[PDB]
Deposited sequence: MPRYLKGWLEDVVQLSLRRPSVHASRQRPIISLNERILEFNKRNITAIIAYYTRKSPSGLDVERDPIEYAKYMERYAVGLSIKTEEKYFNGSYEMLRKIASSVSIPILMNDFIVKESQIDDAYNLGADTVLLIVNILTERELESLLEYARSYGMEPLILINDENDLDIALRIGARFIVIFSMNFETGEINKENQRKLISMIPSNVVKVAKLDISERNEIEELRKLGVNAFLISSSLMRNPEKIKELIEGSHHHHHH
């Protein structure tokens, strides 16, 4: 990967050592990106539920969300592989594995655990690595969601042929999104790319303008909320 600083370098160092799992999947892959496209056709707002017990939430969100985002990074985000595997086997909507993917065995894990795609982060990989890991996931039938954070990220993402892009424009220190830069990046992205905008639930009212801007789906974090129904009702009312 890249040679970074601080906690990002630590989580990169740790992820490079992530032991792979013995596991086998319960169902075939459900394409997250194509389901988003089918939600667009049917004029249903496509929201990836960004989860931070987890089985209860996944059960509730299954009837409403276009897909589920499950954190598996262990040191800084309290995730686990077993959590993912349990969620993936008892739900039948696409599961996105959310982690710091730096080697091919992590894509094996995601696949063997029941995930339907994985997150790739341009800003921690070389261009060579990103194309190699993008093609490795596709070998399993997984179009990964590629996280872009700035213009250079997007240049690389389009050069290697990414079809599934999530736009952050976030400071990896604080965690705040520059909405202005996010809008910019979204507007530079080809229309044959499935575009996902990262939001917090407090900015839920930006959804409609972002749709008109070309956004196909939304990766929505619910901050400190714990009640799936209340999360869902707050999304619904906007």
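Numbered from the first deposited residue, the unresolved ranges run 1, 54-64, 251-256.
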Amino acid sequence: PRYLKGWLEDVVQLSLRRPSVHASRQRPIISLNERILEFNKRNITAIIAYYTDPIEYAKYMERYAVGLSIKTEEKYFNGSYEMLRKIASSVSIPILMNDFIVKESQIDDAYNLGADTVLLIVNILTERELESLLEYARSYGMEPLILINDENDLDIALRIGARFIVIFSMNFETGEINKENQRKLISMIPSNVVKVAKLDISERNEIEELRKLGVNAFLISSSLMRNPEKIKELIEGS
From here on, numbers count along this sequence of modelled residues.
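For the two regions 83-91 and 110-118, the entry's Cα B-factors average higher over 83-91. On average the C-alpha atoms of 71-79 have higher B-factors than those of the other stretch, with 155-163 and 71-79 being the two compared.
Note on 210, 189, 47, 194: the highest value goes to 210, judged by CA B factor as recorded. Each of 184, 204, 27, 35 has a CA temperature factor in the record; the biggest one is found at 27.
Looking at the C-alpha B-factors along this chain, the one for residue 216 belongs to the middle third. Sort the modelled residues of the chain by CA B factor and residue 6 lands in the middle third.
In the PDB entry, a CA B factor belonging to the lowest third of its chain's modelled residues is recorded for residue 15.
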